[PDB]
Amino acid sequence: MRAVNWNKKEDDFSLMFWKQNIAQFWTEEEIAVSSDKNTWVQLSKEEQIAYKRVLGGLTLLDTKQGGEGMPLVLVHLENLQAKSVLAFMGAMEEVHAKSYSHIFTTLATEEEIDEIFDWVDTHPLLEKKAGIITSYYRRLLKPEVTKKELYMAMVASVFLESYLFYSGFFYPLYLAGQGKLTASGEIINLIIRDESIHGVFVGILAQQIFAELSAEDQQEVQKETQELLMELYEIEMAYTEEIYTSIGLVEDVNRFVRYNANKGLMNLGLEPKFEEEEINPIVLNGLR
């Protein structure tokens, strides 16, 4: 049985991603968010509710990526160096999820927080979207998997990392780009820096598997991929309508969702499916 041997490279990229994960390491104790209270209380009731709801959704996606998406993909890799990278990325999703709790503690009472998590658990669109992604992961709960199954779990993972988070990341960035909730915005920026490398790395692993599939299997997963993209898009459009109508931002968020969907396709080596539009300028300032 093989031990991981970093003296003999298994690919040309795992070492660089391993080092970059670690170079980017952080935890929530590094960013105090109490100073956000001054701008939090200036938000309207509707703005505050939207913020808490999107944070709840982000927490769900990180919970499932750390607890299903990374572990179940990694188990089925033959490349022990790439497995190492995914184990660390999965741990970072748990750091991310805990950081949302750290933000919540400043922004809400204990009772308000538990309300948000009950709203998350019972939310039908969050249940639907998480169910779609995790179905690909849970297919891997068996000793022998096909390359089509593993590839599609990697596609679902890239779509979570590079696409499904972004209807939520929009609002912390949009507020921070205006000088509101800037400390929480700094945390979200650290999370995004991690998710961006996660999506690139899993997309590299997916492209490697794709190249090994027969032409017939390639056709089949290309179809599944394009269908999954649009199945998720329909849910995302319903989610943005629900969250952002009250604050007048639906079309701006939708534009941001499409921009990030294109990035996820690119991470898989695929052509964009939505027209190119420039990112919202305030969001761009929030990333700065």
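Numbering starts at 1 and runs along the sequence shown.
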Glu276 dropped from a third or more of the other entries of this protein: yes
242-250 versus 25-33 - greater average Cα B-factor per the deposited record: 25-33
Between 61-69 and 41-49 (mean CA B-factor, as deposited), the higher: 41-49
Which of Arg139, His198, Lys129, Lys83 ranks first by CA B-factor in the deposited coordinates: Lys129
C-alpha B-factor winner, where the candidates are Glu149, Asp118, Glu161, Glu93: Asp118
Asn260 - Cα temperature factor, lowest/middle/highest third of chain: lowest
Among modelled residues of the same chain, the CA temperature factor third for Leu287: highest
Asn79 - which third its CA temperature factor falls in, relative to the rest of the chain: lowest
For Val202, the third of its chain into which the C-alpha B factor falls: lowest
Ranked against its chain, the third holding the CA B-factor of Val155: lowest
